[PDB]
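Trainee: experimental structure and sequence below.
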Amino acid sequence: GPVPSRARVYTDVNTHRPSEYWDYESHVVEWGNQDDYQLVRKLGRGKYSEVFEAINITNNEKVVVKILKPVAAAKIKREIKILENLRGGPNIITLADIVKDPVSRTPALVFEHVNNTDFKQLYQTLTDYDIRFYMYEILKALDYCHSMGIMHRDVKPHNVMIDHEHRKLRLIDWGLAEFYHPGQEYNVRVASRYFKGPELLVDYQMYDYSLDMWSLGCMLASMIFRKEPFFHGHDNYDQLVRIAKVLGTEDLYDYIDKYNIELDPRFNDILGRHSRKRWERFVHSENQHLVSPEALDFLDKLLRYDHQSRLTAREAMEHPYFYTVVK
Ligand SMILES: CCc1ccccc1-c1ccc(CNCCc2nc3ccccc3[nH]2)cc1C(F)(F)F
Ligand SMILES: CCc1ccccc1-c1ccc(CNCCc2nc3ccccc3[nH]2)cc1C(F)(F)F
Ligand SMILES: CCc1ccccc1-c1ccc(CNCCc2nc3ccccc3[nH]2)cc1C(F)(F)F
């Protein structure tokens with residue numbers, strides 16, 4: 001069968017934690033008062049949530065209310081546990097309260113209010129410096145959550161809120177996040193299609209924090225090449241075909257051989273044979289101001305088939321791409 005794998009960093013963080021910390025079922029529910037909140041306007045949605053701007057009437061403070069649909073509602077204890085473990089961490093969204101509607105019994109998570117610059121404004125105005133600055137802010141969040149034994153598993157632009165006026169960023173929607181345990185086989189039906197790592201697409205279950213580094217690379221390729229999404233698959237099989245048309249089929253086969261991964265028997269018919277593409281093929285007059293040899297070297301070090309070969313979040317912060325960022 002497949003060859004085992006473990007994270008190269010933060011391998012044993014969750015073993016130092018006591019037992020029964022893991023048994024969260026009818027444990028520390030602690031519901032707040034829903035009547036403290038008045039919904040003001042809809043901000044947007046998650047896949048299984050509706051998000052509102054609200055007012056806390058006991059103190060007139062602006063907050064964010066995330067109403068959970070049944071799919072997200074079922075995993076609420078894990079999202080609560082993860083949000084509480086990471087609270088106060090760099091660029092992590094702050095959970096402020098947990099409430100339930102007594103009429104529908106639907107639960108909601110209440111957060112610190114964070115400004116969210118409109119996506120159209122961000123897409124046209126972020127400079128080469130802005131991209132380096134915000135990517136460095138996301139790495140601070142990923143290194144922190146990875147150091148705490150947690151993988152986000154849904155890194156994408158929609159899960160990144162930017163208050164551009166105050167140069168502030170938050171990594172949000174920890175609903176798919178999970179605790180990393182060495183040797184554990186995880187569900188591959190995580191992240192969003194366009195941001196799924198090759199490990200997920202080839203059904204390699206023993207993945208780790210490195211999956212977040214792949215998704216971050218997809219996000220970066222989209223920002224510097226102004227091509228959203230960068231890898232635009234029609235389904236999960238085609239998603240791997242989109243990646244192979246850029247990274248090539250030779251390194252993909254070296255990857256599946258290294259881990260002894262068995263693919264669907266029709267693999268050759270959809271994957272074909274493709275050379276590695278030069279990054280310069282994606283460069284044109286409208287995005288050339290966002291591309292540098294450092295950017296491409298960084299992208300190259302994130303977007304690798306082999307999850308063990310990708311930069312960790314801490315190594316990524318050391319890359320020359322970030323030398324012009326004020327630290
Ligand atoms: C391809 C993305 C992109 C390319 C080039 C420049 C900027 C962006 C971008 C554009 C928008 C955003 C902001 N994302 C937050 C969206 C959002 N609003 C929410 C409201 C409610 C719930 C979730 C929410 N998520 C972040 C980004 C980001 F993070 F910089 F990539
Ligand atoms: C249905 C939305 C919901 C979904 C999931 C969890 C909680 C709620 C909820 C449930 C109740 C309230 C507070 N409702 C107060 C409404 C109200 N204001 C009044 C002012 C004067 C007189 C009567 C009034 N009734 C706030 C909320 C809130 F803000 F969404 F959290
Ligand atoms: C142990 C079963 C087995 C024995 C012999 C040959 C193949 C497999 C196999 C092995 C794995 C899977 C699961 N799906 C593979 C994932 C995948 N992603 C692809 C993307 C593109 C092309 C093929 C792809 N296959 C399905 C299968 C299946 F369906 F049984 F064939």
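Mentor: That came through fine. Residues are numbered from 1 along each chain as shown. Ligands and ions are numbered 1, 2, ... in the order given.
Trainee: which SS state does residue 40 fall under?
Mentor: Three-state assignment for residue 40 (DSSP: H, G, I helix; E, B strand; the rest coil): strand.
Trainee: now the helix ranked longest in the chain: buried residues?
Mentor: Among the segments of the chain that qualify as a helix by DSSP state H, the longest is helix 128-147. Across helix 128-147, burial judged by 16 or more other C-beta atoms under 10 Å covers 130-146. For every residue, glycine as well, the C-beta is placed using N, CA and C.
Trainee: what's the residue lying closest to residue 323 once chain neighbours are set aside sitting at in phi/psi?
Mentor: Take residue 323 and drop its neighbours on the chain: the residue closest to it by C-beta to C-beta, 6 or more residues apart in numbering is residue 294, 7.6 Å away. When read as degrees, to the nearest 10, the backbone of residue 294 gives phi -60, psi -40.
Trainee: kindly report the same for residue 230.
Mentor: Torsion angles, degrees, to the nearest 10, at residue 230: phi -70, psi -40.
Trainee: of the buried residues of helix 128-147, list those near ligand 1.
Mentor: residue 134 (C-beta under 6 Å from any ligand atom).
Trainee: hang on, the earlier thing: report all helices and strands that the longest helix of the chain contacts.
Mentor: With contacts taken as 3 or more C-beta pairs under 8 Å, 6 or more residues apart in numbering; DSSP states H and E, helix 128-147 sits against strand 160-163, strand 168-171, helix 210-225, helix 313-318.
Trainee: the first one pairs with which strands, parallel or anti?
Mentor: Which is strand 160-163. The pairing partners recorded for strand 160-163 under DSSP bridges are strand 168-171 (antiparallel).
Trainee: picking up where we left off before, can you give me the angle the longest helix of the chain makes with helix 210-225?
Mentor: Helix 128-147 and helix 210-225 are oriented at 170 degrees to each other (axes from the mean of the first three to the mean of the last three C-alpha atoms, to 10 degrees).
Trainee: following the chain onward from helix 128-147, which element is next?
Mentor: strand 150-151 (DSSP states H and E).
Trainee: what's the distance between that following strand and the middle of its chain?
Mentor: Centroid displacement of strand 150-151 relative to its chain, using C-alpha atoms, centre = their mean, to the nearest Å, is 10 Å.
Trainee: with stretch 11-18 instead?
Mentor: With C-alpha atoms, centre = their mean, you get 22 Å for stretch 11-18.
Trainee: let me see the domain layout of the chain.
Mentor: What curated CATH domains lists as the domains of the chain is 5-22+114-327, 23-113.
Trainee: can you give me the neighbour number for residue 1?
Mentor: Residues contacting residue 1 under the criterion other C-beta atoms under 10 Å number 6.
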